[PDB]
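Visitor: This is structure25.cif, which holds mmCIF, C-alpha atoms and all ligand atoms:
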```cif
data_entry
#
loop_
_atom_site.group_PDB
_atom_site.id
_atom_site.type_symbol
_atom_site.label_atom_id
_atom_site.label_comp_id
_atom_site.auth_asym_id
_atom_site.auth_seq_id
_atom_site.Cartn_x
_atom_site.Cartn_y
_atom_site.Cartn_z
ATOM 1 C CA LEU A 1 72.497 187.467 52.218
ATOM 2 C CA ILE A 2 74.611 184.378 51.498
ATOM 3 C CA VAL A 3 72.880 182.437 48.679
ATOM 4 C CA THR A 4 74.007 184.098 45.432
ATOM 5 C CA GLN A 5 71.762 182.007 43.139
ATOM 6 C CA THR A 6 68.058 182.520 42.602
ATOM 7 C CA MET A 7 65.824 181.439 39.794
ATOM 8 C CA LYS A 8 64.429 183.932 37.322
ATOM 9 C CA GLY A 9 60.906 183.532 36.023
ATOM 10 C CA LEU A 10 59.693 181.194 38.743
ATOM 11 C CA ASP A 11 56.224 179.869 37.990
ATOM 12 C CA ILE A 12 55.512 178.949 41.606
ATOM 13 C CA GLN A 13 52.307 177.224 40.596
ATOM 14 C CA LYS A 14 54.244 174.662 38.551
ATOM 15 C CA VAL A 15 56.514 173.368 41.371
ATOM 16 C CA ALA A 16 53.452 171.715 42.888
ATOM 17 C CA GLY A 17 53.304 167.972 43.286
ATOM 18 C CA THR A 18 55.313 165.278 44.984
ATOM 19 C CA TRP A 19 59.037 165.666 45.572
ATOM 20 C CA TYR A 20 61.896 163.523 46.906
ATOM 21 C CA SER A 21 64.806 164.972 48.884
ATOM 22 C CA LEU A 22 67.546 163.201 46.946
ATOM 23 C CA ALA A 23 70.405 165.060 48.673
ATOM 24 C CA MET A 24 70.840 167.734 51.323
ATOM 25 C CA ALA A 25 73.785 169.760 52.622
ATOM 26 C CA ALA A 26 74.286 172.270 55.436
ATOM 27 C CA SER A 27 76.842 174.812 56.586
ATOM 28 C CA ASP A 28 77.376 172.994 59.892
ATOM 29 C CA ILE A 29 77.416 169.286 60.718
ATOM 30 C CA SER A 30 75.047 169.695 63.659
ATOM 31 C CA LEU A 31 72.153 170.557 61.339
ATOM 32 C CA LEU A 32 72.142 167.276 59.390
ATOM 33 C CA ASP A 33 74.045 165.098 61.906
ATOM 34 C CA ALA A 34 71.551 162.643 63.425
ATOM 35 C CA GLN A 35 68.081 161.530 62.375
ATOM 36 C CA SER A 36 66.610 164.138 64.739
ATOM 37 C CA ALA A 37 68.853 166.989 63.587
ATOM 38 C CA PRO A 38 67.223 170.419 63.122
ATOM 39 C CA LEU A 39 67.161 170.736 59.314
ATOM 40 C CA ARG A 40 67.011 167.053 58.423
ATOM 41 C CA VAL A 41 63.663 167.419 56.692
ATOM 42 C CA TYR A 42 62.402 165.017 54.054
ATOM 43 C CA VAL A 43 60.066 166.669 51.551
ATOM 44 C CA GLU A 44 56.931 164.911 50.271
ATOM 45 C CA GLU A 45 54.662 167.404 48.532
ATOM 46 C CA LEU A 46 54.787 171.087 47.553
ATOM 47 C CA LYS A 47 51.476 172.985 47.578
ATOM 48 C CA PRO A 48 51.195 176.564 46.305
ATOM 49 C CA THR A 49 48.028 178.523 47.056
ATOM 50 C CA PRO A 50 46.011 180.692 44.639
ATOM 51 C CA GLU A 51 47.240 183.888 46.334
ATOM 52 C CA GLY A 52 50.825 182.677 45.946
ATOM 53 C CA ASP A 53 52.109 181.275 49.231
ATOM 54 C CA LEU A 54 53.796 177.863 49.370
ATOM 55 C CA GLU A 55 52.581 175.010 51.585
ATOM 56 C CA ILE A 56 55.293 172.431 52.230
ATOM 57 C CA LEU A 57 54.555 168.938 53.496
ATOM 58 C CA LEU A 58 57.550 167.166 55.003
ATOM 59 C CA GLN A 59 58.600 164.448 57.414
ATOM 60 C CA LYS A 60 60.990 164.762 60.333
ATOM 61 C CA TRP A 61 62.154 162.432 63.078
ATOM 62 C CA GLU A 62 61.343 164.067 66.387
ATOM 63 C CA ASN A 63 60.281 162.550 69.693
ATOM 64 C CA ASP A 64 61.781 159.326 68.214
ATOM 65 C CA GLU A 65 58.999 158.655 65.657
ATOM 66 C CA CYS A 66 58.699 159.732 62.005
ATOM 67 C CA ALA A 67 56.109 162.510 62.044
ATOM 68 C CA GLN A 68 54.564 164.391 59.160
ATOM 69 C CA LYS A 69 54.783 168.172 59.243
ATOM 70 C CA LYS A 70 52.879 171.022 57.632
ATOM 71 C CA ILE A 71 54.788 174.213 56.948
ATOM 72 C CA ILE A 72 53.536 177.214 54.976
ATOM 73 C CA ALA A 73 56.003 179.765 53.635
ATOM 74 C CA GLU A 74 54.660 183.156 52.656
ATOM 75 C CA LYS A 75 55.027 185.227 49.496
ATOM 76 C CA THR A 76 57.506 188.056 49.159
ATOM 77 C CA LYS A 77 58.142 190.577 46.379
ATOM 78 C CA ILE A 78 60.940 188.456 44.867
ATOM 79 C CA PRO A 79 59.170 185.498 43.193
ATOM 80 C CA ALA A 80 61.810 182.950 44.309
ATOM 81 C CA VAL A 81 62.087 183.897 48.010
ATOM 82 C CA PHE A 82 59.573 182.901 50.695
ATOM 83 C CA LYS A 83 59.487 183.444 54.450
ATOM 84 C CA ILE A 84 58.762 180.624 56.804
ATOM 85 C CA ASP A 85 57.274 181.701 60.129
ATOM 86 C CA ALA A 86 59.083 180.901 63.359
ATOM 87 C CA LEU A 87 60.898 182.619 66.219
ATOM 88 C CA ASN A 88 63.462 183.680 63.617
ATOM 89 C CA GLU A 89 63.394 185.482 60.278
ATOM 90 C CA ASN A 90 64.081 182.401 58.179
ATOM 91 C CA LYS A 91 64.038 182.389 54.404
ATOM 92 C CA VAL A 92 63.535 179.915 51.566
ATOM 93 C CA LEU A 93 65.131 180.543 48.183
ATOM 94 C CA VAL A 94 64.400 178.473 45.100
ATOM 95 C CA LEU A 95 67.745 178.288 43.300
ATOM 96 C CA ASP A 96 66.765 176.464 40.114
ATOM 97 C CA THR A 97 64.227 174.071 38.610
ATOM 98 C CA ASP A 98 62.984 172.600 35.337
ATOM 99 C CA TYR A 99 59.639 171.934 37.099
ATOM 100 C CA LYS A 100 59.709 168.447 35.509
ATOM 101 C CA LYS A 101 62.773 166.767 37.103
ATOM 102 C CA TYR A 102 64.554 168.715 39.881
ATOM 103 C CA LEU A 103 64.342 171.661 42.258
ATOM 104 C CA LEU A 104 67.212 173.157 44.231
ATOM 105 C CA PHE A 105 66.304 175.222 47.270
ATOM 106 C CA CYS A 106 68.296 176.596 50.181
ATOM 107 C CA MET A 107 67.086 177.587 53.608
ATOM 108 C CA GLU A 108 69.021 180.289 55.454
ATOM 109 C CA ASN A 109 68.513 182.364 58.576
ATOM 110 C CA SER A 110 68.555 186.117 58.689
ATOM 111 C CA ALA A 111 70.630 185.976 61.929
ATOM 112 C CA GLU A 112 74.213 184.765 61.361
ATOM 113 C CA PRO A 113 75.028 183.081 58.009
ATOM 114 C CA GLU A 114 77.517 180.232 58.640
ATOM 115 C CA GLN A 115 75.058 178.974 61.268
ATOM 116 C CA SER A 116 72.063 178.864 58.986
ATOM 117 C CA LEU A 117 72.461 177.443 55.541
ATOM 118 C CA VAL A 118 70.828 174.177 54.481
ATOM 119 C CA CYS A 119 70.125 173.191 50.879
ATOM 120 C CA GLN A 120 68.413 170.248 49.220
ATOM 121 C CA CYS A 121 68.201 168.717 45.770
ATOM 122 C CA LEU A 122 64.620 167.607 45.169
ATOM 123 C CA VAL A 123 63.734 165.204 42.373
ATOM 124 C CA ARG A 124 60.299 164.069 41.210
ATOM 125 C CA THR A 125 60.972 160.315 41.198
ATOM 126 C CA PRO A 126 62.941 157.707 43.504
ATOM 127 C CA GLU A 127 65.879 157.710 41.106
ATOM 128 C CA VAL A 128 69.424 158.989 41.351
ATOM 129 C CA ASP A 129 69.539 161.902 38.909
ATOM 130 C CA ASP A 130 73.214 162.547 38.213
ATOM 131 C CA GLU A 131 72.824 165.849 36.417
ATOM 132 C CA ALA A 132 70.429 167.042 39.086
ATOM 133 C CA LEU A 133 73.172 166.217 41.586
ATOM 134 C CA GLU A 134 75.595 167.955 39.234
ATOM 135 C CA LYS A 135 73.733 171.274 39.372
ATOM 136 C CA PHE A 136 73.139 170.886 43.098
ATOM 137 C CA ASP A 137 76.844 170.181 43.655
ATOM 138 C CA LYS A 138 77.853 173.132 41.468
ATOM 139 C CA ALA A 139 75.439 175.610 43.081
ATOM 140 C CA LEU A 140 76.937 174.520 46.391
ATOM 141 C CA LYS A 141 80.675 175.094 45.971
ATOM 142 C CA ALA A 142 79.992 178.824 46.328
ATOM 143 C CA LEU A 143 78.696 178.172 49.859
ATOM 144 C CA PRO A 144 80.323 177.149 53.021
ATOM 145 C CA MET A 145 78.841 173.644 53.334
ATOM 146 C CA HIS A 146 80.307 171.090 55.743
ATOM 147 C CA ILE A 147 77.991 168.069 55.725
ATOM 148 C CA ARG A 148 76.474 166.490 52.609
ATOM 149 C CA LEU A 149 73.852 163.719 52.879
ATOM 150 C CA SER A 150 72.649 161.668 49.897
ATOM 151 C CA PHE A 151 69.997 158.951 49.698
ATOM 152 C CA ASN A 152 69.322 155.980 47.459
ATOM 153 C CA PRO A 153 66.146 154.776 45.760
ATOM 154 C CA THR A 154 65.359 152.250 48.462
ATOM 155 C CA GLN A 155 65.564 154.917 51.165
ATOM 156 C CA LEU A 156 63.766 157.500 49.002
ATOM 157 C CA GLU A 157 60.616 155.333 49.201
ATOM 158 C CA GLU A 158 60.516 154.852 52.999
ATOM 159 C CA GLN A 159 59.328 157.202 55.691
ATOM 160 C CA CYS A 160 62.179 159.401 56.920
ATOM 161 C CA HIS A 161 64.604 157.613 54.570
ATOM 162 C CA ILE A 162 64.853 154.433 56.756
HETATM 163 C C1 LIG B 1 61.511 173.012 60.024
HETATM 164 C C2 LIG B 1 61.769 174.163 59.048
HETATM 165 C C3 LIG B 1 62.386 173.671 57.738
HETATM 166 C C4 LIG B 1 61.311 173.369 56.691
HETATM 167 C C5 LIG B 1 61.608 174.095 55.381
HETATM 168 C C6 LIG B 1 61.166 173.287 54.166
HETATM 169 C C7 LIG B 1 61.467 174.082 52.898
HETATM 170 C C8 LIG B 1 61.020 173.302 51.657
HETATM 171 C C9 LIG B 1 60.599 174.331 50.622
HETATM 172 C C10 LIG B 1 60.982 173.982 49.192
HETATM 173 C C11 LIG B 1 60.942 175.313 48.432
HETATM 174 C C12 LIG B 1 60.302 175.200 47.051
#
```
Turn the structure described in the file into structure tokens.

Guide:
Amino acid sequence: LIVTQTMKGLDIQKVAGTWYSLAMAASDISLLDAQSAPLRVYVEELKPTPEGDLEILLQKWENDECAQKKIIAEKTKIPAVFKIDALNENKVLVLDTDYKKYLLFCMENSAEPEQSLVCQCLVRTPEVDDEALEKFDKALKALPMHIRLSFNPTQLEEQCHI
């Protein structure tokens, strides 16, 4: 109940493949602040299952290394919303995608909204896609975002973005 965009007609099987987290933004600086921040996740691959869940492979700096992660987000009745499993009732919404060049997703908590929201602009290749960043930046003005990170091709090709 804070992300007012959601993609109609999502073919979740088609968003499979490798992805780059070109940009990311959050509702609070603490979430994207340092390399070991909570929602500073770098996405590598998206893996839908035949039943319809979504397996995410990502990287995240943690105990001071760059560690791979495996996260699986489960199907709901709304084709563009998935539930990741943790202590908290946390939700993934696919905002938009042409399957071939970009995907915009946000990641909010059930809990308290301005305390939750993180969004990313995924692109298929290590290239700065301006119109991808246009749609990401325009889906995001209707949100209360306070920190915006953005990465360049050289960082897009290195573990944890340098
Ligand atoms: C540590 C919990 C955050 C991981 C969430 C990753 C969400 C990426 C899914 C992209 C949706 C198509």

Visitor: Give me the chain A side of the contact with ligand LIG 1 (chain B), cut-off 10 Å, one line per residue showing its nearest atom pair and distance in Å at one decimal, counting only C-alpha atoms and all ligand atoms, sorted by chain and residue number, as JSON lines.

Guide:
```
{"residue": "A:12", "atom": "CA", "partner": "B:LIG1", "partner_atom": "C12", "distance": 8.2}
{"residue": "A:15", "atom": "CA", "partner": "B:LIG1", "partner_atom": "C12", "distance": 7.1}
{"residue": "A:16", "atom": "CA", "partner": "B:LIG1", "partner_atom": "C12", "distance": 8.7}
{"residue": "A:19", "atom": "CA", "partner": "B:LIG1", "partner_atom": "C10", "distance": 9.3}
{"residue": "A:21", "atom": "CA", "partner": "B:LIG1", "partner_atom": "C8", "distance": 9.6}
{"residue": "A:38", "atom": "CA", "partner": "B:LIG1", "partner_atom": "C1", "distance": 7.0}
{"residue": "A:39", "atom": "CA", "partner": "B:LIG1", "partner_atom": "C3", "distance": 5.8}
{"residue": "A:40", "atom": "CA", "partner": "B:LIG1", "partner_atom": "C3", "distance": 8.1}
{"residue": "A:41", "atom": "CA", "partner": "B:LIG1", "partner_atom": "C4", "distance": 6.4}
{"residue": "A:42", "atom": "CA", "partner": "B:LIG1", "partner_atom": "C6", "distance": 8.4}
{"residue": "A:43", "atom": "CA", "partner": "B:LIG1", "partner_atom": "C8", "distance": 6.7}
{"residue": "A:44", "atom": "CA", "partner": "B:LIG1", "partner_atom": "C8", "distance": 9.4}
{"residue": "A:45", "atom": "CA", "partner": "B:LIG1", "partner_atom": "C10", "distance": 9.1}
{"residue": "A:46", "atom": "CA", "partner": "B:LIG1", "partner_atom": "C12", "distance": 6.9}
{"residue": "A:47", "atom": "CA", "partner": "B:LIG1", "partner_atom": "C12", "distance": 9.1}
{"residue": "A:48", "atom": "CA", "partner": "B:LIG1", "partner_atom": "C12", "distance": 9.2}
{"residue": "A:54", "atom": "CA", "partner": "B:LIG1", "partner_atom": "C12", "distance": 7.4}
{"residue": "A:55", "atom": "CA", "partner": "B:LIG1", "partner_atom": "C9", "distance": 8.1}
{"residue": "A:56", "atom": "CA", "partner": "B:LIG1", "partner_atom": "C8", "distance": 5.8}
{"residue": "A:57", "atom": "CA", "partner": "B:LIG1", "partner_atom": "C6", "distance": 7.9}
{"residue": "A:58", "atom": "CA", "partner": "B:LIG1", "partner_atom": "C6", "distance": 7.2}
{"residue": "A:59", "atom": "CA", "partner": "B:LIG1", "partner_atom": "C4", "distance": 9.4}
{"residue": "A:60", "atom": "CA", "partner": "B:LIG1", "partner_atom": "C1", "distance": 8.3}
{"residue": "A:69", "atom": "CA", "partner": "B:LIG1", "partner_atom": "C1", "distance": 8.3}
{"residue": "A:70", "atom": "CA", "partner": "B:LIG1", "partner_atom": "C4", "distance": 8.8}
{"residue": "A:71", "atom": "CA", "partner": "B:LIG1", "partner_atom": "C4", "distance": 6.6}
{"residue": "A:72", "atom": "CA", "partner": "B:LIG1", "partner_atom": "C6", "distance": 8.6}
{"residue": "A:73", "atom": "CA", "partner": "B:LIG1", "partner_atom": "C9", "distance": 7.7}
{"residue": "A:80", "atom": "CA", "partner": "B:LIG1", "partner_atom": "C12", "distance": 8.4}
{"residue": "A:81", "atom": "CA", "partner": "B:LIG1", "partner_atom": "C11", "distance": 8.7}
{"residue": "A:82", "atom": "CA", "partner": "B:LIG1", "partner_atom": "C11", "distance": 8.0}
{"residue": "A:83", "atom": "CA", "partner": "B:LIG1", "partner_atom": "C5", "distance": 9.6}
{"residue": "A:84", "atom": "CA", "partner": "B:LIG1", "partner_atom": "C5", "distance": 7.3}
{"residue": "A:85", "atom": "CA", "partner": "B:LIG1", "partner_atom": "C2", "distance": 8.8}
{"residue": "A:86", "atom": "CA", "partner": "B:LIG1", "partner_atom": "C2", "distance": 8.4}
{"residue": "A:90", "atom": "CA", "partner": "B:LIG1", "partner_atom": "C2", "distance": 8.6}
{"residue": "A:91", "atom": "CA", "partner": "B:LIG1", "partner_atom": "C5", "distance": 8.7}
{"residue": "A:92", "atom": "CA", "partner": "B:LIG1", "partner_atom": "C11", "distance": 6.1}
{"residue": "A:93", "atom": "CA", "partner": "B:LIG1", "partner_atom": "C11", "distance": 6.7}
{"residue": "A:94", "atom": "CA", "partner": "B:LIG1", "partner_atom": "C12", "distance": 5.6}
{"residue": "A:95", "atom": "CA", "partner": "B:LIG1", "partner_atom": "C12", "distance": 8.9}
{"residue": "A:96", "atom": "CA", "partner": "B:LIG1", "partner_atom": "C12", "distance": 9.6}
{"residue": "A:97", "atom": "CA", "partner": "B:LIG1", "partner_atom": "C12", "distance": 9.4}
{"residue": "A:103", "atom": "CA", "partner": "B:LIG1", "partner_atom": "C12", "distance": 7.2}
{"residue": "A:104", "atom": "CA", "partner": "B:LIG1", "partner_atom": "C12", "distance": 7.7}
{"residue": "A:105", "atom": "CA", "partner": "B:LIG1", "partner_atom": "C11", "distance": 5.5}
{"residue": "A:106", "atom": "CA", "partner": "B:LIG1", "partner_atom": "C11", "distance": 7.7}
{"residue": "A:107", "atom": "CA", "partner": "B:LIG1", "partner_atom": "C7", "distance": 6.7}
{"residue": "A:108", "atom": "CA", "partner": "B:LIG1", "partner_atom": "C3", "distance": 9.6}
{"residue": "A:118", "atom": "CA", "partner": "B:LIG1", "partner_atom": "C3", "distance": 9.1}
{"residue": "A:119", "atom": "CA", "partner": "B:LIG1", "partner_atom": "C7", "distance": 8.9}
{"residue": "A:120", "atom": "CA", "partner": "B:LIG1", "partner_atom": "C10", "distance": 8.3}
{"residue": "A:121", "atom": "CA", "partner": "B:LIG1", "partner_atom": "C10", "distance": 9.6}
{"residue": "A:122", "atom": "CA", "partner": "B:LIG1", "partner_atom": "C10", "distance": 8.4}
```

Visitor: Taking the file as shown, find all residues satisfying the PyMOL selection byres (((chain A and resi 113) around 12) and not hetatm) and write them as a short mmCIF file (atom, residue, chain, number, x, y, z; two decimals) with C-alpha atoms, in the coordinates of the input.

Guide:
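And here is the file that came out, selection03.cif:
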```
data_model
loop_
_atom_site.label_atom_id
_atom_site.label_comp_id
_atom_site.auth_asym_id
_atom_site.auth_seq_id
_atom_site.Cartn_x
_atom_site.Cartn_y
_atom_site.Cartn_z
CA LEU A 1 72.50 187.47 52.22
CA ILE A 2 74.61 184.38 51.50
CA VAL A 3 72.88 182.44 48.68
CA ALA A 26 74.29 172.27 55.44
CA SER A 27 76.84 174.81 56.59
CA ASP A 28 77.38 172.99 59.89
CA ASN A 90 64.08 182.40 58.18
CA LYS A 91 64.04 182.39 54.40
CA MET A 107 67.09 177.59 53.61
CA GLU A 108 69.02 180.29 55.45
CA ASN A 109 68.51 182.36 58.58
CA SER A 110 68.56 186.12 58.69
CA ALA A 111 70.63 185.98 61.93
CA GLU A 112 74.21 184.76 61.36
CA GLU A 114 77.52 180.23 58.64
CA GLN A 115 75.06 178.97 61.27
CA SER A 116 72.06 178.86 58.99
CA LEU A 117 72.46 177.44 55.54
CA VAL A 118 70.83 174.18 54.48
CA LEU A 143 78.70 178.17 49.86
CA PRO A 144 80.32 177.15 53.02
CA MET A 145 78.84 173.64 53.33
#
```

Visitor: Run the PyMOL selection byres (((chain A and resi 159) around 9) and not hetatm) against the file shown and list the residues it catches, as an MDAnalysis selection string.

Guide: chainID A and resid 42 59 66:67 155:158 160:162

Visitor: Please evaluate the PyMOL selection byres (((chain A and resi 36) around 6) and not hetatm) against the structure above and give the resulting residues as a ChimeraX atom specification.

Guide: /A:34-35,37,61-62

Visitor: Output: region 7-34 of chain A of the preceding structure, restricted to N, CA and C atoms, written as a PDB file, in the first residue's frame.

Guide:
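Saved file out-v2.pdb follows:
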```
ATOM      1  N   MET A   7       2.415  -3.693 -13.197  1.00  0.00           N
ATOM      2  CA  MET A   7       2.415  -3.944 -14.624  1.00  0.00           C
ATOM      3  C   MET A   7       1.314  -4.933 -14.988  1.00  0.00           C
ATOM      4  N   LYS A   8       0.502  -4.565 -15.961  1.00  0.00           N
ATOM      5  CA  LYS A   8      -0.559  -5.424 -16.425  1.00  0.00           C
ATOM      6  C   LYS A   8      -0.013  -6.419 -17.424  1.00  0.00           C
ATOM      7  N   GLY A   9      -0.535  -7.642 -17.379  1.00  0.00           N
ATOM      8  CA  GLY A   9      -0.178  -8.637 -18.371  1.00  0.00           C
ATOM      9  C   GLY A   9       1.200  -9.226 -18.201  1.00  0.00           C
ATOM     10  N   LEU A  10       1.686  -9.316 -16.968  1.00  0.00           N
ATOM     11  CA  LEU A  10       3.049  -9.763 -16.741  1.00  0.00           C
ATOM     12  C   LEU A  10       3.167 -11.222 -17.139  1.00  0.00           C
ATOM     13  N   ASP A  11       4.026 -11.485 -18.115  1.00  0.00           N
ATOM     14  CA  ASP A  11       4.469 -12.834 -18.447  1.00  0.00           C
ATOM     15  C   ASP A  11       5.691 -13.130 -17.591  1.00  0.00           C
ATOM     16  N   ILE A  12       5.479 -13.674 -16.388  1.00  0.00           N
ATOM     17  CA  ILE A  12       6.597 -13.824 -15.462  1.00  0.00           C
ATOM     18  C   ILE A  12       7.636 -14.786 -15.998  1.00  0.00           C
ATOM     19  N   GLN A  13       7.276 -15.630 -16.956  1.00  0.00           N
ATOM     20  CA  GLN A  13       8.277 -16.536 -17.484  1.00  0.00           C
ATOM     21  C   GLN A  13       9.281 -15.806 -18.346  1.00  0.00           C
ATOM     22  N   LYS A  14       8.912 -14.646 -18.897  1.00  0.00           N
ATOM     23  CA  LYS A  14       9.775 -13.950 -19.844  1.00  0.00           C
ATOM     24  C   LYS A  14      10.824 -13.072 -19.183  1.00  0.00           C
ATOM     25  N   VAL A  15      10.656 -12.695 -17.910  1.00  0.00           N
ATOM     26  CA  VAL A  15      11.630 -11.863 -17.202  1.00  0.00           C
ATOM     27  C   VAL A  15      12.780 -12.706 -16.679  1.00  0.00           C
ATOM     28  N   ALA A  16      12.934 -13.915 -17.197  1.00  0.00           N
ATOM     29  CA  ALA A  16      14.049 -14.763 -16.811  1.00  0.00           C
ATOM     30  C   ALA A  16      15.295 -14.375 -17.579  1.00  0.00           C
ATOM     31  N   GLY A  17      16.443 -14.633 -16.975  1.00  0.00           N
ATOM     32  CA  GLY A  17      17.706 -14.318 -17.598  1.00  0.00           C
ATOM     33  C   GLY A  17      18.567 -13.499 -16.682  1.00  0.00           C
ATOM     34  N   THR A  18      19.601 -12.895 -17.258  1.00  0.00           N
ATOM     35  CA  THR A  18      20.539 -12.107 -16.478  1.00  0.00           C
ATOM     36  C   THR A  18      20.123 -10.651 -16.487  1.00  0.00           C
ATOM     37  N   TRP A  19      20.344  -9.979 -15.364  1.00  0.00           N
ATOM     38  CA  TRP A  19      19.912  -8.607 -15.166  1.00  0.00           C
ATOM     39  C   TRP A  19      21.004  -7.828 -14.437  1.00  0.00           C
ATOM     40  N   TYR A  20      21.097  -6.536 -14.748  1.00  0.00           N
ATOM     41  CA  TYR A  20      22.008  -5.614 -14.073  1.00  0.00           C
ATOM     42  C   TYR A  20      21.205  -4.576 -13.311  1.00  0.00           C
ATOM     43  N   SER A  21      21.565  -4.333 -12.056  1.00  0.00           N
ATOM     44  CA  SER A  21      20.939  -3.264 -11.278  1.00  0.00           C
ATOM     45  C   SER A  21      21.583  -1.929 -11.610  1.00  0.00           C
ATOM     46  N   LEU A  22      21.087  -1.303 -12.675  1.00  0.00           N
ATOM     47  CA  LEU A  22      21.634  -0.042 -13.158  1.00  0.00           C
ATOM     48  C   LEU A  22      21.523   1.067 -12.111  1.00  0.00           C
ATOM     49  N   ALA A  23      20.358   1.203 -11.490  1.00  0.00           N
ATOM     50  CA  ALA A  23      20.105   2.221 -10.482  1.00  0.00           C
ATOM     51  C   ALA A  23      19.245   1.624  -9.375  1.00  0.00           C
ATOM     52  N   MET A  24      19.275   2.257  -8.209  1.00  0.00           N
ATOM     53  CA  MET A  24      18.408   1.859  -7.113  1.00  0.00           C
ATOM     54  C   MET A  24      18.145   3.086  -6.249  1.00  0.00           C
ATOM     55  N   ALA A  25      16.968   3.124  -5.631  1.00  0.00           N
ATOM     56  CA  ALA A  25      16.574   4.230  -4.773  1.00  0.00           C
ATOM     57  C   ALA A  25      15.742   3.688  -3.622  1.00  0.00           C
ATOM     58  N   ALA A  26      15.777   4.382  -2.489  1.00  0.00           N
ATOM     59  CA  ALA A  26      15.077   3.940  -1.288  1.00  0.00           C
ATOM     60  C   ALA A  26      14.356   5.122  -0.663  1.00  0.00           C
ATOM     61  N   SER A  27      13.487   4.826   0.295  1.00  0.00           N
ATOM     62  CA  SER A  27      12.757   5.861   1.003  1.00  0.00           C
ATOM     63  C   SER A  27      13.529   6.413   2.189  1.00  0.00           C
ATOM     64  N   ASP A  28      14.646   5.793   2.555  1.00  0.00           N
ATOM     65  CA  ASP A  28      15.474   6.280   3.642  1.00  0.00           C
ATOM     66  C   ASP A  28      16.930   5.979   3.334  1.00  0.00           C
ATOM     67  N   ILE A  29      17.804   6.933   3.662  1.00  0.00           N
ATOM     68  CA  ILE A  29      19.215   6.849   3.297  1.00  0.00           C
ATOM     69  C   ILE A  29      19.865   5.620   3.895  1.00  0.00           C
ATOM     70  N   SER A  30      19.414   5.189   5.071  1.00  0.00           N
ATOM     71  CA  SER A  30      20.078   4.097   5.768  1.00  0.00           C
ATOM     72  C   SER A  30      20.020   2.793   4.994  1.00  0.00           C
ATOM     73  N   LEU A  31      19.074   2.659   4.067  1.00  0.00           N
ATOM     74  CA  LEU A  31      18.867   1.410   3.357  1.00  0.00           C
ATOM     75  C   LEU A  31      19.846   1.205   2.214  1.00  0.00           C
ATOM     76  N   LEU A  32      20.406   2.274   1.665  1.00  0.00           N
ATOM     77  CA  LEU A  32      21.310   2.202   0.533  1.00  0.00           C
ATOM     78  C   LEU A  32      22.661   2.813   0.849  1.00  0.00           C
ATOM     79  N   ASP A  33      22.855   3.268   2.086  1.00  0.00           N
ATOM     80  CA  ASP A  33      23.939   4.121   2.558  1.00  0.00           C
ATOM     81  C   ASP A  33      25.332   3.568   2.272  1.00  0.00           C
ATOM     82  N   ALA A  34      25.720   2.504   2.961  1.00  0.00           N
ATOM     83  CA  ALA A  34      27.040   1.912   2.806  1.00  0.00           C
ATOM     84  C   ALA A  34      26.951   0.590   2.061  1.00  0.00           C
TER      85      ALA A  34
END
```
